[PDB]
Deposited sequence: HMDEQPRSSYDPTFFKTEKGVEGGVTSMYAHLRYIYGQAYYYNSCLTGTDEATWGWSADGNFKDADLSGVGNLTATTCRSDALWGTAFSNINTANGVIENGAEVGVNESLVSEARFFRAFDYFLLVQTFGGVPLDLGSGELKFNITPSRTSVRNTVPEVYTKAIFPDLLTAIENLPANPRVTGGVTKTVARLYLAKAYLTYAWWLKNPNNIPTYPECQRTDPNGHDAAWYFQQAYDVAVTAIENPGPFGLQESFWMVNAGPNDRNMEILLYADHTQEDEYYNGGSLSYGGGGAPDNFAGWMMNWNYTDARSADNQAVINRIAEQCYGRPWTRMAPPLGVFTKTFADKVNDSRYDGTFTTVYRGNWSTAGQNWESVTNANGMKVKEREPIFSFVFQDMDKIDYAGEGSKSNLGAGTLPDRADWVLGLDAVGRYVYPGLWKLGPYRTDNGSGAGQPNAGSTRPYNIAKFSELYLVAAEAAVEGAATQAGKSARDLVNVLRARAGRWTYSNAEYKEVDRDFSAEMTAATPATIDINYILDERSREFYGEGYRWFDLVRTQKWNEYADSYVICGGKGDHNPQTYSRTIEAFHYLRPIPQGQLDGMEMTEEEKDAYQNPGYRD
């Protein structure tokens, strides 16, 4: 199906009221929870890129997505499919809110939230699937009540020009500076997504590596401007946001951006609010009776395996950000450590991304051991390092001896009271957990909390930081820059920020370091797209940006054609795996469910489906 949500003949009249417009608008905030935090969609944004390959416990969902000869990516197996029905349901709702609310004069500040969300949804769809329908059964961008059995896909430029740009431009004029409600949309997030949309369209027009689009359409803009024009607008709009940020801004340190106690901070422009839940009512009377934020489980592993020299289970599964529930379904390739996060001394970001030092928490399991013995018969207290992923003396580790006793493929080092494994020995079972998406719960007490519950944390969708990297990318592709905001200046803002350490996760303590001078100096004299993409991986690793960024820039092949990783536990042999990423893979399949739901001939269905996925 296309529209999941049920529609009443009175809905258009409902949306001629302010309370109806609010109703619709708040369901739009809700729709974010079915995408952002959803683990299988999350997969579709990351696996098969440089940031993620399949993990030891991987399903078809993750294997099929890696495009590495261990699965099949088809119209039934791509987890792009979570986006389709969710986005179109929301879009239809937005269509109703917008045509009826605007017709009657319902406050445009509020209506423009729906304008934003409609653009937002279409921008995800257009990148993911190519051209998609603007007509849902009642005309272009019109509210549809009774679902149609037939659909027609518009072209990419039609979606950008007809739906995405005009909505965002209007939204920017009318949206408030400060959020109306929590996580609420503002001028700044509308500007961000407009700049991104212009940036993405500009690349689409330029089409340097000749990746086909579907439906068939020529590489020119109905609005009549060239790629350069769009690159310039991307720059200008991003920069206008930076200069008029309302309440938003960068945190002092990169740790503060994704640290649990600082969720909902003013670097976050938009998020899915996973605390907010649904209240059922039956015929006016309360009835007892949400989707989960379980994306953080994918790039998290069985640290609970960790043992002492006396084979004691020293790490309990608990609801803390460094620990949390593991599904071992996605793993970081070694390129992440050797290329992306090369610098770990001057760069907060590696440490503000991965949990590297795993400590004992055994009293959460009801144990009362003062100390325990492991790692050359050394005593280790609670909350002290048991197992560390290291990047220093990697070629000295002794995996041959007592490291066996860890139940981790781990080894030892001299005068070192902790098990240890180097980043060149990372595998599909044992890898640094993704700390960004770990759970955060104040109500754990002295116990484990509820570690198998979905995360209650916001899932962060849009960040003030990205503005800098959107403008910088536009600058690299030829846009005319303003004084103090060259490509190099813009990149250096985020890099200077990255050199400021406020807290070390590895060391589990406050800290005071400023390596911003060093970071600024090590930035290349001139900036290429490769560097933008590396910075994007550093700032946004594992958050679900990667597939979009590599497809826009057409670097997906260059960055993902091969990855490097070791095997299961006790396998420290780094093997190179090669992917087969064809040009038609740059568009995801239309989900088979949509095709099956339509009254069409097999010929019409073949034509509806993107090339490569028709058999």
List the gaps, meaning deposited-sequence segments with no CA coordinates, ordered along the sequence. 290-292
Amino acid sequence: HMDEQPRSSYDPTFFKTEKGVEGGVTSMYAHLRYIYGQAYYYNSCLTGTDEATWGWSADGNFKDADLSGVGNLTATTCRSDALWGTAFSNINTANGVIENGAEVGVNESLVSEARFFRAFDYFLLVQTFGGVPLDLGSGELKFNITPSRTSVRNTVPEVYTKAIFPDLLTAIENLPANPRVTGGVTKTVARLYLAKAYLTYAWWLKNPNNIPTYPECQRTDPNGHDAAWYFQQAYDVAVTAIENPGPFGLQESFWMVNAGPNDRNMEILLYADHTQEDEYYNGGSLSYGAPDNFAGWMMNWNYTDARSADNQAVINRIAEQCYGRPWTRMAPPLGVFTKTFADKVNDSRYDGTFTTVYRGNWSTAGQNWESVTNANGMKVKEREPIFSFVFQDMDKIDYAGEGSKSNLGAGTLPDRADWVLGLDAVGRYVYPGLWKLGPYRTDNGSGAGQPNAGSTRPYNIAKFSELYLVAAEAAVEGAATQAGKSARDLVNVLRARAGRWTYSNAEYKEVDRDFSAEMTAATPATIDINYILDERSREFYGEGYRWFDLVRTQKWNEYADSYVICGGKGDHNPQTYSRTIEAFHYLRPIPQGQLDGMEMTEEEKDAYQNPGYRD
From here on, numbers count along this sequence of modelled residues.
Out of 569-577 and 27-35, which one has CA B-factors that are higher on average in the deposited record? 569-577
92-100 versus 498-506 - greater average Cα B-factor per the deposited record: 498-506
From the entry's CA B-factor values, the highest among 343, 273, 121, 108 is 343
Just to confirm, going by the entry's C-alpha B-factors, which of 305, 236, 221, 140 comes out highest? 305
Going by the entry, which third of its chain does the Cα temperature factor of residue 362 land in? highest
Among all modelled residues of this chain, ranked by Cα B factor, put residue 406 in the bottom, middle or top third, i.e. lowest, middle or highest. highest
CA B-factor ranking of residue 188, expressed as a third of its chain: lowest
Going by the entry, which third of its chain does the Cα temperature factor of residue 399 land in? highest
Third assignment of residue 485 from its chain's C-alpha B-factors: middle
